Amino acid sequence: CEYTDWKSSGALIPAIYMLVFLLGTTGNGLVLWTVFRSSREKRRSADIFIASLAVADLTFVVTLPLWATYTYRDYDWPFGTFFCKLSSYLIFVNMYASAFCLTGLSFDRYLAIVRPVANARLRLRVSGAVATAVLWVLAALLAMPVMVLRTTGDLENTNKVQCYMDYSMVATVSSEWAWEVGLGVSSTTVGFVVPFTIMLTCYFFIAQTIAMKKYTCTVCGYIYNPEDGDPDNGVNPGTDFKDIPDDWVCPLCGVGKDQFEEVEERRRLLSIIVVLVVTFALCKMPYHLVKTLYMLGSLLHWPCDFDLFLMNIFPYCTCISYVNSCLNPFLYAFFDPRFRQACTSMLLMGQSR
């Protein structure tokens, strides 16, 4: 049906992009400061993925003022073909690297909390060092079709030089939509669907082990572990503390079930990673859903009024998805105690001198 050229929504979206740049440069730079200053054997298993996540966000945040200009100029790129190629490449590099850093953080919690294989093969620091190298190789290779296909051209008969994906090089005469639906679906799959499913499965197994809560005796100090149980007292290994018959007492001091305290493990790392995934899911979900509904709209012959709704909601969907870059340093300020303590350490000593 009828389709007009993409126009500017207002001054709201370009102003947010400038704010995300300002908060993202200083914010992610403060994250990279705290991790690299604390070297030696003091580094956490999660720190390697946090530092790379800060690198991915920082490099993309610098390209946002160029995109803020593009939005307000009603989608017209005045920075040339080279900057269009580099700016668009760093969007998808960030998209893949940030999603792979989150899976890395989630899998690091899986290997630590669940422990499927013995500590000999486990090698948490080695596995983290290998996966961080692979994710940077994967993100750079998966974002390469964006580096090649992007050019500054006059899309349709509209007098505007815009930064777009040119399929005239790879696609034939009719298979123009095939390459957009091909590279578009795979981008959402390897950049959001597959990563988010790994994060959720990792959390399901982590929750499965945490569910078996240990109980400590307040009288002597005996810790009942559901994994070990008490086979001598007629309690099979695997049985939960609540499932234990009421006649059972402490095998070391002989006190009833009422004198046992439930232990709530101080899992700080899990809390930091959970909030990072939750925010990422809330920021990236609308962008990927609207784009998929746009693909599955022209193919399934969806009503014309629905395509108009997706087009007007999309600039706001990309906006909040880009806010995610400057969102993490604020999340570490409210949930990560080690980041909080390291920032305050350079506050009293650094400024004084």
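Counting begins at 1, following the sequence as shown.
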Worksheet item: What stretch has the higher average Cα B-factor here, 122 to 130 or 102 to 110?
Response: 122 to 130
Item to complete: For the higher mean C-alpha B factor in the entry, choose 339 to 347 or 8 to 16.
Response: 339 to 347
Fill in: Options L327, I48, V55, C304 - largest CA temperature factor per the record
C304
Response to the item:
When the entry's CA B-factors for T197, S175, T189, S88 are compared, the highest one belongs to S175
Practice prompt. Place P145 in the lowest, middle or highest third of its chain's C-alpha B-factors, as listed in the PDB entry.
Written response: middle
Fill in: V323 by Cα B-factor - lowest, middle or highest third of the modelled chain
lowest
Item to complete: Pull the Cα B-factor of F83 out of the PDB entry and bin it into the chain's lowest, middle or highest third.
Response: middle
Worksheet item: Taking the entry's C-alpha B-factors for this chain, is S168 in the lowest, middle or highest third?
Response: highest
Item to complete: Going by the recorded CA B-factors, say which third of the chain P226 sits in, lowest, middle or highest.
Response: middle
